[PDB]
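Chains as they are written, first to last, in this note's numbering: chain A, 10 to 355; chain B, 10 to 355; chain C, 10 to 355; chain D, 10 to 355; chain E, 10 to 355. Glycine is no exception: its CB is placed at the ideal position from the N, C-alpha and C atoms. One structure is given below, encoded as structure tokens.
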Amino acid sequence: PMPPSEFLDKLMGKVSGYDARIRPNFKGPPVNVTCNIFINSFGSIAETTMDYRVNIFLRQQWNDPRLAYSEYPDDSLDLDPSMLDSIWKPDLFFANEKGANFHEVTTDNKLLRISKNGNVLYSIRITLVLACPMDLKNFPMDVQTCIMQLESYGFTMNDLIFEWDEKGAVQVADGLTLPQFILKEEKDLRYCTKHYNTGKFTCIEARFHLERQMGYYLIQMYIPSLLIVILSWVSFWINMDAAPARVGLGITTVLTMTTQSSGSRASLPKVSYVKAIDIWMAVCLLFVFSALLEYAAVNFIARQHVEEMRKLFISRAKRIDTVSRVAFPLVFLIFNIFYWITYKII
Amino acid sequence: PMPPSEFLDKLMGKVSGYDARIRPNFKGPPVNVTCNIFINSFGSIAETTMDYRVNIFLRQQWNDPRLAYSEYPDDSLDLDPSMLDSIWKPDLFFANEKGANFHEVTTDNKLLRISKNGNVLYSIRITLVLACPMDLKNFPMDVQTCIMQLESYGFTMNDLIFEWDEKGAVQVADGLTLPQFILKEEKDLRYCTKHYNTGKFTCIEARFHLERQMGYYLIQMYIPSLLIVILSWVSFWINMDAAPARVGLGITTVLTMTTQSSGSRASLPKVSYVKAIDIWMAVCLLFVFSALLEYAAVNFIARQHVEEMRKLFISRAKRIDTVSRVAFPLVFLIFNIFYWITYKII
Amino acid sequence: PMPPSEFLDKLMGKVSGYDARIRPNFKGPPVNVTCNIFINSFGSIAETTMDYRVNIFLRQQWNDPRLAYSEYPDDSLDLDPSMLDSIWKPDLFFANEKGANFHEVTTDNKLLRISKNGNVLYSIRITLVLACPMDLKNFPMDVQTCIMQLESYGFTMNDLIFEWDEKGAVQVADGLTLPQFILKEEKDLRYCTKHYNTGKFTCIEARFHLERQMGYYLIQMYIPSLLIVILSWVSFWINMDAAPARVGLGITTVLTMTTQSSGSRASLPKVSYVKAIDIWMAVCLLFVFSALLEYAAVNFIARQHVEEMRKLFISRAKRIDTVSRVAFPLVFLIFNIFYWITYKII
Amino acid sequence: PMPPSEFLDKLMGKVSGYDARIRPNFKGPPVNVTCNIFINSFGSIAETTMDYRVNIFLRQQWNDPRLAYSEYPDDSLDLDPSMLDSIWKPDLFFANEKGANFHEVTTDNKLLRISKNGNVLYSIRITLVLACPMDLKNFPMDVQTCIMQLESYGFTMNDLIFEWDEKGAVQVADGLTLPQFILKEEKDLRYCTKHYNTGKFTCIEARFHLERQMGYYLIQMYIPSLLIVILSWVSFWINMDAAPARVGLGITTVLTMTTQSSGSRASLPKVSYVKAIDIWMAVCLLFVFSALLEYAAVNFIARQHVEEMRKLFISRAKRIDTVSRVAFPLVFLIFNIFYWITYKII
Amino acid sequence: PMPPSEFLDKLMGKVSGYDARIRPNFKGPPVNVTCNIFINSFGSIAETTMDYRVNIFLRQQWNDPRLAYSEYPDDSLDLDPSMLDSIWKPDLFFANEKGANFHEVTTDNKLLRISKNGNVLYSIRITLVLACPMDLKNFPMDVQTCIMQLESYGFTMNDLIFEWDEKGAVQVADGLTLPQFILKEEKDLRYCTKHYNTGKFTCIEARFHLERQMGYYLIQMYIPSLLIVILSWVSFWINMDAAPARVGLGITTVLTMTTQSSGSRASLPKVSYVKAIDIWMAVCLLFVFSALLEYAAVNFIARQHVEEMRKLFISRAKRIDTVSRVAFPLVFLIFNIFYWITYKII
Ligand SMILES: *[C@@H]1O[C@H](CO)[C@@H](O[C@@H]2O[C@H](CO)[C@@H](O[C@@H]3O[C@H](CO)[C@@H](O)[C@H](O)[C@@H]3O)[C@H](O)[C@H]2NC(C)=O)[C@H](O)[C@H]1NC(C)=O
Ligand SMILES: *[C@@H]1O[C@H](CO)[C@@H](O[C@@H]2O[C@H](CO)[C@@H](O[C@@H]3O[C@H](CO)[C@@H](O)[C@H](O)[C@@H]3O)[C@H](O)[C@H]2NC(C)=O)[C@H](O)[C@H]1NC(C)=O
Ligand SMILES: *[C@@H]1O[C@H](CO)[C@@H](O[C@@H]2O[C@H](CO)[C@@H](O[C@@H]3O[C@H](CO)[C@@H](O)[C@H](O)[C@@H]3O)[C@H](O)[C@H]2NC(C)=O)[C@H](O)[C@H]1NC(C)=O
Ligand SMILES: *[C@@H]1O[C@H](CO)[C@@H](O[C@@H]2O[C@H](CO)[C@@H](O[C@@H]3O[C@H](CO)[C@@H](O)[C@H](O)[C@@H]3O)[C@H](O)[C@H]2NC(C)=O)[C@H](O)[C@H]1NC(C)=O
Ligand SMILES: *[C@@H]1O[C@H](CO)[C@@H](O[C@@H]2O[C@H](CO)[C@@H](O[C@@H]3O[C@H](CO)[C@@H](O)[C@H](O)[C@@H]3O)[C@H](O)[C@H]2NC(C)=O)[C@H](O)[C@H]1NC(C)=O
């Protein structure tokens, strides 16, 4: 017999009237193309530009009666990736590409096989940098949901319809790990049918829940953010007579805590709303600032102190020192409870 | 009958004398091309290079009598995006491109349909990085106006005219949100007819008002910029005898405020004029510097103090301490009123 | 006779039925392609994106009976790199490309020679940026293993099989040096046969062990991380009466050590687990923090001190000063032993 | 009649012997090509790499007798930008390109019109990143001169000559503003004829004077650079008995001034010569360092002070304090005059 | 007669049997191609990636008897750069490209002329980013030697040999200046013949000595690195009774010197060996650390001081103060001599 390359020349050549500019089943029902992606590499999720780089295998399956051969004895004929400009292909595109490219390492990474009944498998490797609106109302304890939509651009709903297959619409790699987030096993599948001034177009998308790993932020901006508050608590255990001791403590600590506040949003987007890490530094900033005002109240009584009425001012300046050793270690603990409970339920 | 691919070969082939290098209605009136864009993604507005990345759908509509078919029973014939090099297309370009590229993810993102009367719709996806002169006279409270002009390069006014359509000249996406700014619903539409040494060319543009969100700057460079001034106010409530207490306070605070001034223009363009954030740090720098000179005036009187005339110098050195507790908390409030009123009207 | 260019036109032209879209030995055994790479340049191994740039010479050898000439008197015929689109080539690709490109400096860097029996050598220069999951459980003393897999995309196992040659499967350059790591002479060779929903494909890979050089981290983040602890030890040799001396020492040192902790993960990925450099700064942070609490215990006894019972409190406040000069210099040495032994065996 | 597309096929087709590989007026005088650029966008002038990005419209005009039509009734025939590979074009190139690209947004931005006498206008949009040797002998008050040369590569002087036109050789945009520098209205026009081992080639260039805007540097690195010196002057108004007051002032200020010196060359090229900003920080570093040595001379006399001879040492230690309040405020003013006069004339 | 474009069609057309896939002098001696480069732009030598960007004019000259015309009366025929795919060209490539590109600004920057005897000149503009192993054993006083090799990829030694010409093998631009380094006039020329598993290939290279300019490092990291040591010397001229004076001096200076050590390797590669700038900061770190231990020895004697034996401890605590004023100013000078002598000979 003849090889599949010469066998398909009768179906993709000048004979049989086959044209790559004509969609299958013309003047009839639209083409129902089913798609399924395979995430190979994931990560590099930046927040300054609010985008993430993904590498998926976009599989496409449809039905073309013009390529339904019945003379070849086999059931699957592989095609050279250099002959993709001869058959019709869906005009699939993403609405959040923001720059993309293919891979042509020694061969155009394309897969093309034709079944006997007319099933055509089209799998390619695409490297996308997808964008998603980052919701940072609770930055250290948020559940991001970055989606990706597959719309049409040249054909409307009556000519091309995208759908998901029931046999693993979205597969995940075996050893796919992320440096900062984690990929949940549950991925939603809903439609995203858009409507413009020209018409209506099909759209398919899949939700991806990306939960953060609190192990990183808990060590860098939570343990040092708590030890600095302890530095302001040790001033109560120091005598009220040493002026340079408690003054230098209430100033060097209250100024190095601002660096922690400025160092908590160094690589974060400039959002207007307040996040969960801005209420942890601001409240702890009040503790390192109230300790400065605490010494300002103790030193103000000692500098004012008549022999009988002045002996009570010394005890009054020391009575507040007996409560500050218990108030702040018990008030900061109350805020430490309302913080790790409200942001663990919402 | 015959499919539209073979039907349009009579209108785009060697027959009928149709050439892609000839504009419609030659030796007559110019081609009136109407355009309308659809902003899909917006943001990433940097200030060091004074540019912003945009992703729009550039729709183009004109009239070509050479493509006015009258035999096909339908009213809209879709075209393959691979056949855009056969018909005439307007030479539309932007005067502020500064690098651009198309999107060819599995298909050239182009839309092409031809009506019966000769209406040709041309919609493509372009990713532009547009530039605009940043007016930073009031940096935290400015209303930026970044525009984009669509000029001609090969045809003059007598051969190609660009205009805006009245049915939604500029559409906005449904869920288009910006991280730093906000997009106003009012967009101006005016002409930008340029004149060069070669001739005159058409030009269409649309204004985009981008108001900032003060919620970000108010927390990072306004709350810490005010608490440092309070650190210089607590020196008045400290006795005038402790030298290392008030000296270290008037130096550590006046030097950490300069870091806030240098940290306020870390990612800003090097402009010559003064902005609204440079007058907030410089005036607050005077308060943290006047407190240093305030102790220099109190300590200078105590070191100079004859038994009757010296008792008044001690009261004089304490009389200024009774006014500094009221002057600065009431003078900084006056500047706090003139600042948030002048920059809220202009 | 005729030159090899005209001699091979009979084997690569329209005659002999040779087609570049047909794999050798069709309807029979699969093509056994042996590959061997030659690493020219290596390094630039970043950790923020977890990727490294490599430049190898990908050699490919297979058997094509359709190109087995028997009339030319020579044994090796060199081919012009501009004629690679006429013969069949394996669709080799990498599963961790993440962007790649060829080199076309004055000539496409391709090697093509055909033997008499049908051996075809295919060598090209590819610049890859390969990714690997960075295991940073012990950051300064880890042995990274970055691999690279060569999979198929268009042909399954029954049509294309990749294998390694026994004569130097992976060669290393003569003067290939790395700035940070070192390349070990032992490189493992194992298979990576994947299984997808479409079928099974061949895969070959080679392990690369990249041991770090501790000479860099030992000087920058280990010598200064130890001298700061010595600054907290000198407070014991200072009299317990000078308040501003020991207070300023226990605060300026405990706050500059946090900068060393924040400066140890400035260019590191945001991992959740704790690494070996996070337990060296945190434990040393306890020493510079216990010295602050040590003075808080000595000053608390002196401020409390009845004529006979008060003379023992002065000796008690000095007895702890006689143990702190020996405890911390001997407790930090114990942690210094358990650290450099546990992380030198695992 | 026939359209210009079919009319010019007789002049650009196989007939008439017109070839795009032959320069006009062969075996005779060279082609005198006149050029004129139009700067659209300017700025982004970095100093680390010593380059600036420019966007100009390169117009080219020459004479081609082979295209001198005499049958068409019009005087200017516009050409499709897709037919630039049919006529001869000058091989113009820049000697300081360092990477460049064109703009192909929906159309190749090319202009091509042919006059009756043979005048051919060629205007294209080129985005260049031009380099210039940065002369930073006086960094805040220099007048940079970045030029751009247009050389030939394939034709020598006897075959191609570039010249400037007298009617606006270099035009400037109407609203072209720069963020840091300013563009002067005077632009020099001189030749740059080079000589290599192959021969001599034509060259045209234009000088661009880029004066800096001192409004930026005067606020960031000149006002804080002067207030720190004032902090060292207030130590003279403090009593000579307070040791921790004047010691902490002469150390915290002398160390934060080094940050201003290191912060003045953070984004500057590593040049060997000294600039005008390195002599302003180094001299001011002497003032904040002489104040430290001033207290070292006052405290050395007080610690040495026999009942009559010791009373003069106290007055001697205070006599220098009466001159330091007048010397430094009058010596720093002398350097402030010689600095803003020498660098305002050269 | 006929123009050179039509004259060379007889030598580059279907007639005469000329093929671009055949090297000259086949079945005979190899082609001796002589090359000579012309460095136009040089600099941008980074150290994090260990690469430098260069822009050279790669001239190539060989002998092709098939192009030896004898009928044209001239001696040099210029060729259009669009016809380089018709003649044979050497497959020259660099072994350290790491990404490269050509320049196509309005014309492919290629030079092609053919002599009567068969001499063919081939000059193109290539922008390379070449790599070299940075030897940083003495960072401020090293002599870097970055080379560039020109190897073959498709032809072995018996088919293509590269050589250097004796008439200026490597030329330098007239006004080529470097921001950091300097280019020496002496450039070595040696062979780099490599040997692989396939065979042996020709190779030509040229050495480039790049000496650093010490004027930059001497001001930024050598003058401030010496003044901080002077701050530790002034503590000896202060009385031994002021505790907060000498304690704060021996801590604030010893901690700001570590920033100079961390600030000396901010943009340097992470090498394991010690460089010449790491022994200048570490030794100076001992001086600012020995001054802290010097006060720890003086204060330890004063706190210990029986009426006759205690008067000698006061003199002993002051005797070391009389030697420290002379020891350190004379010991640091000894290290200052051995440093600037050992690294000025090797
Ligand atoms: C692609 O998928 C669409 C569905 O999304 C298919 O369209 C549906 O096709 C049926 C005929 O097969 C149309 O008729 C209906 O038939 C059912 C019985 O199956 C009957 O109960 C209904 O009353 C109706 O007559 C139906 O209108 C149509 N639906 C839509 C929304 O178009 C289409 O056939 C598929 N195309 C191919 C090539 O498989
Ligand atoms: C494209 O749009 C232009 C307008 O921007 C159209 O041009 C105008 O066309 C009219 C004829 O239709 C020209 O004549 C005028 O007619 C009015 C009555 O409608 C009459 O009152 C005037 O006195 C005049 O005779 C008019 O001069 C012309 N204007 C310009 C500025 O060119 C043009 O026809 C449109 N082209 C197409 C193909 O639709
Ligand atoms: C490519 O390599 C494969 C092996 O990976 C070759 O396949 C093996 O080929 C033999 C025949 O040569 C097949 O038959 C076996 O022969 C042995 C004797 O050599 C006999 O003991 C066995 O019982 C069996 O009959 C064998 O099944 C086959 N193995 C596989 C896994 O396919 C193949 O021939 C190679 N192709 C070329 C073109 O060299
Ligand atoms: C392109 O420009 C060059 C000048 O840069 C033109 O060349 C000059 O052409 C004249 C003839 O037109 C040559 O002859 C001279 O004529 C003058 C009178 O005009 C006479 O006084 C002189 O003694 C001499 O005979 C002249 O040598 C030549 N100069 C050079 C440097 O080539 C050239 O003609 C222009 N080409 C075109 C096509 O316009
Ligand atoms: C390209 O350069 C090579 C040299 O690198 C040329 O090869 C040498 O060519 C000579 C003949 O011209 C060969 O023969 C020798 O001749 C000398 C007298 O000149 C004689 O004393 C020797 O005993 C020997 O017979 C020589 O073997 C050969 N050397 C090599 C290494 O190949 C070659 O001819 C040049 N090609 C062209 C086209 O110019």
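Which listed residue (the options) has its alpha carbon closest to that of residue i
{"i": "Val263/D", "options": "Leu240/E, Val179/E, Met92/E", "result": "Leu240/E"}
{"i": "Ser244/D", "options": "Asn118/B, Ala305/B, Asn147/B, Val238/B", "result": "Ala305/B"}
{"i": "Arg134/E", "options": "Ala109/E, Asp151/E, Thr207/E", "result": "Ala109/E"}
{"i": "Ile354/D", "options": "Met150/D, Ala140/D, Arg68/D, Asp87/D", "result": "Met150/D"}
{"i": "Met59/B", "options": "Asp60/D, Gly52/D, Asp18/D, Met59/D", "result": "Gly52/D"}
{"i": "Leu121/B", "options": "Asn64/B, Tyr352/B, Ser85/B, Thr265/B", "result": "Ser85/B"}
{"i": "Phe217/E", "options": "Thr351/E, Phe66/E, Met157/E", "result": "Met157/E"}
{"i": "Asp197/E", "options": "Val179/E, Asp183/E, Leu187/E", "result": "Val179/E"}
Exposure label - residue i; buried when at least 16 CB within 10 Å
{"i": "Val315/C", "result": "exposed"}
{"i": "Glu175/B", "result": "exposed"}
{"i": "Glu317/C", "result": "exposed"}
{"i": "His112/B", "result": "buried"}
{"i": "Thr57/E", "result": "exposed"}
{"i": "residue 442/E", "result": "Beyond the ends of chain E as shown, which are 10 and 355, falls residue 442/E; an answer cannot be given."}
{"i": "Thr261/A", "result": "buried"}
{"i": "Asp89/E", "result": "buried"}
{"i": "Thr202/A", "result": "exposed"}
C-beta contact flag for residue i and residue j at 8 angstroms
{"i": "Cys44/D", "j": "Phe164/D", "result": "no"}
{"i": "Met166/A", "j": "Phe102/A", "result": "no"}
{"i": "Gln189/C", "j": "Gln222/C", "result": "yes"}
{"i": "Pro233/E", "j": "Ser270/D", "result": "yes"}
{"i": "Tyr27/C", "j": "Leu17/C", "result": "no"}
Sheet register partners of residue i (DSSP bridge)
{"i": "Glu220/B", "result": "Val152/B, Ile191/B"}
{"i": "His204/D", "result": "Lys209/D"}
Near ligand 7: residue i beta-carbon under 7 angstroms from a heavy atom
{"i": "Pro142/E", "result": "As far as ligands go, the structure on display features ligand 1, ligand 2, ligand 3, ligand 4 and ligand 5 and does not contain ligand 7."}
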